[PDB]
């Protein structure tokens, strides 16, 4: 199929693009490069074994969006573009609402104009809000995210829902991601954060590579097996795969298809640390710190639905998540070249 992948040069999108090309789809990436570099493009092509067309631009640019859509005869759009730094969203709410909420509305408005009606949205587990019931099931009603970032995702999901209802021939997937980690097995593509990484894995990776002193473990008094926070880590390659599948199986299938993308199991901060130490051949340095603001103690996905309906499930392990990360981190300590 002809697919436009916004945010295509970012973390999850690049991996997604590789898998997409591998499946012989025609890929058009649209990214504004606020959190990615042009240097990843050649890697995508290489690893994907096919050329993806790149367009520098902003989802907020309705007209451009509309033009692309038409120019490339797109059949479906995978929307990864946006801002996602939680803490920062607290400090800069407008930018999040603008990039994410207005960003998506401009994009879907362009889609409407161009007659495109198949969409895949990058959502988040946070939409479940403070749910005591874990694992989290798609049949649960959403709650209220604590950060503007989370709010923004929930808002988009709602907008998309209403849109579908009003334009019923639309096929829209709301992919609720849990905690993406890992890197392409080649060790030549992976997550490349700028500055202090906010997620656990990359932070650990930075400590291991000698860039950081110690990992601060946000709280050790949770009502968890080891007192550290528990999450549902999912390898970026599995995520990528789930995207291809969702795109291929839901294209032209009217409705709002919601699926939790996770391994369906939880792992502690300690569990992750240990896996990493093992992967990089040395004990990762860490210390206990106070709980982070708004942090939940533990949650993970119920991924039966995706299994059942899309025949999709994770195949990579936690060790692999760690190994792949270390490989990329270690082979390219400066990440993507400027």
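Numbering follows the first chain given and starts at 1.
The PDB entry records a higher mean C-alpha B factor for 204-212 than for its counterpart among 257-265 and 204-212. Averaged over CA atoms, B-factors in the entry run higher in 49-57 than in the other of 270-278 and 49-57. Remark: of 247, 155, 81, 86, 86 shows the highest value [criterion: C-alpha B-factor in the PDB entry]. Taking the deposited Cα B-factors for 94, 105, 111, 90, the highest one is held by 94.
The PDB entry assigns residue 285 a C-alpha temperature factor belonging to the lowest third of its chain's modelled residues. When the modelled residues of the chain are ordered by C-alpha B-factor, residue 3 sits in the middle third. When the modelled residues of the chain are ordered by C-alpha B-factor, residue 172 sits in the middle third. The PDB entry assigns residue 316 a C-alpha temperature factor belonging to the middle third of its chain's modelled residues. In this PDB entry, residue 308 carries a Cα temperature factor that places it within the middle third of its chain's modelled residues.
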